[PDB]
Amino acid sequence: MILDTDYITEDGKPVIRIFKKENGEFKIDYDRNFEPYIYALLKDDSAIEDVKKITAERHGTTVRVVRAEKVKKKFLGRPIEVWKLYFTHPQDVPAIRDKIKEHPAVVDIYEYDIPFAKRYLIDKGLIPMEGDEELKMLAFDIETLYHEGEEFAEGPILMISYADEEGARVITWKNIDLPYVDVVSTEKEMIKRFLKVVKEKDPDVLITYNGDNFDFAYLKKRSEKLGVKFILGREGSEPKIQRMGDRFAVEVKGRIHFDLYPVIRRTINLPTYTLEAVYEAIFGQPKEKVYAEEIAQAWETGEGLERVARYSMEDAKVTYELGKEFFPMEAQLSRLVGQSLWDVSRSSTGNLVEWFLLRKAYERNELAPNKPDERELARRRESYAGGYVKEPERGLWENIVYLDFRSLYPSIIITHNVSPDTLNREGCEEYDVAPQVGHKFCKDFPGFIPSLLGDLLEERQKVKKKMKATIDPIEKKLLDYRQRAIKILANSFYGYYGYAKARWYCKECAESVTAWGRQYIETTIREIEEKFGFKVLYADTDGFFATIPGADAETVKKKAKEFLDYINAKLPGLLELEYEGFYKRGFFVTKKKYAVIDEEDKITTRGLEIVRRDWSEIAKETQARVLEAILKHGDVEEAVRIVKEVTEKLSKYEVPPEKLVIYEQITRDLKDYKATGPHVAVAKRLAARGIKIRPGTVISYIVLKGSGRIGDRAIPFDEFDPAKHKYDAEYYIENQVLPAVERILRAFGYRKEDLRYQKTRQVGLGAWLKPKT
């Protein structure tokens, strides 16, 4: 299968490179005959003779149009005739571009900024990674000594750990005796060793968590100092530190640097993307806890090195796991969009759609619109949105069903043939009118995107069909991923329409789709209420929760499914409402905030869980415990009593201190946080330890009863000595526990003052509450 493509330049001529792995064998194919080009729409063909002579300079070398060829294409649903202008090197384009475009007979140019190595995949009709070649992967992580106040990588790498199917290990130059640890003499031999292992294992994939903006840059700066040639690429080249947004991204020629960060930060979303938090959100299991202080302690004390070496092998093992978890999925997106996994991996969904349309545009001979110039980019102001939102019936309800539309937006885009090339077409004989903004979309001819989406959804339904009939759980999961990639892509079109950098950008389309969305959801809610006696408890954009007051659970389910048949028979085209599931109870705080429980006693919440970077078990637990009382036991009063007891136990120091440990990923040097807060004290505590914690790291501390502002005295959990150190109950009550439960109970008529008894050392200072939460 094709892994990736690039090109090198020999004597000013581009040579495309195709990295492959066929029959478990690596190989690099070359192509010296691919010519870069652009299209030019002229007012009159006679101007081509002028165009064919346009010239530009490039490092003293004269750049010229190598050849012209008039071709017929489709653009904006109307046939168009433009000239395909060829050149020698992709980099000549930018230099000759502006001049050609400046010619009076040139209406304008197109497809003049599509990267050569991608243009190649699209044009040559190649698809990265088809088949199921077993790819060998490898993850790694490093541990470093922070030297606050100095240039990047001023301190040394103490450990380099990695993991794969053959287990995990740790290479280090510190004094350690563990079966999985390799002790070398120096940071230098450590790194070289690490480089010998990789080249040894010859993995096709290198897995890391945020390796794009740290690990590779660190390994590079250290190897630069220690005079080590940081070679990892099958090519023999060092990693390439290409920059993207305000970030960077590393690429290893011949292999695939799969950085889990961009990917995971794309799939799910939750507060703090610490590898710790992330890991658990994906496996519903705890990862071995972090001890940034103990690690830094091991560096200076030398005591605890065994435990620390164990933490690194853990980090690598976990990382390889997250990688063996997300790579399959990403592989499918890559195959679907038609670009490298390296690219698809670090791409916004808006750009994912873009490369898909470009590939389709080629296959269907559709000219691609250009990207918006700088001023146009200004003109494309968002601020517009608006899905149907119904203020919830607060309180506790039972026998609830969740019903939602099947791919609401795509379905709308398809059935109403919504796209730029169908918008307000002159002399249109058949058209649908957008509910709001009243744009007219022609139906005399299927639109470019609508047609594409339509095929996509049909391909999804088809793969699902084979998935369910496939008995082998192996190919089943494969088809499963294929089916999910399509979902992810199709769900990205609505967005793409209003995406500023979009070639096929179209505000009218986005607005109309949103407008149709509201109408359908509104139409469906009227029916279920007037014709079926349902009570819609909550609704948002493409789905709603409903019940039948006083009705049996079987009745509600049976009635809801009878409603589906009824309604789907009235909805136009692809618009369809589905039974998402059943819930015994659920309650709605307010729009976007709710909790429900299925017949498996599983609680799904929304807009209720944790918020910031500083959480604790005591908070996690108490909230969970509150949701259980209300939804499992169905007793709002047991929940309030639970908060009050936890409050009591905290004021009587009867709460175990390890449930009070606060974990926080620092975003700056502790030494430099606001004067108020525990950070400064912790910093000074660690500094006495001679420790310096690198921002981004996860700190573990406890707030104690001090002699100043509450929450201002805190120490790392390490130094917590029960006999000499007592925690600030007021801080855990007001800053942690209560804010993690105050909104939920407020929804049930309970004011803050009701969650803590009258005489409970109350300090009447709800100032400790999490700021602007």
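Numbering starts at 1 and follows the sequence shown.
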item	value
Given 380-388 and 417-425, the range whose Cα B-factors average higher in the PDB entry	380-388
Residue stretch of maximal mean CA temperature factor, 403-411 vs 366-374	366-374
Deposited CA B-factor, highest of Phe34, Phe720, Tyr37, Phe748	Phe720
Among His89, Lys124, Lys174, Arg255 - the residue whose C-alpha B-factor is largest in the record	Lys174
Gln623, C-alpha B-factor rank within chain (lowest, middle or highest third)	lowest
Lowest, middle or highest third - CA B-factor, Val290	highest
Assigned third (lowest, middle, highest) for the C-alpha B factor of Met1	middle
Ranked C-alpha temperature factor of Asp565 among modelled chain residues, by third	middle
B-factor third for the C-alpha atom of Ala168 within its chain	highest
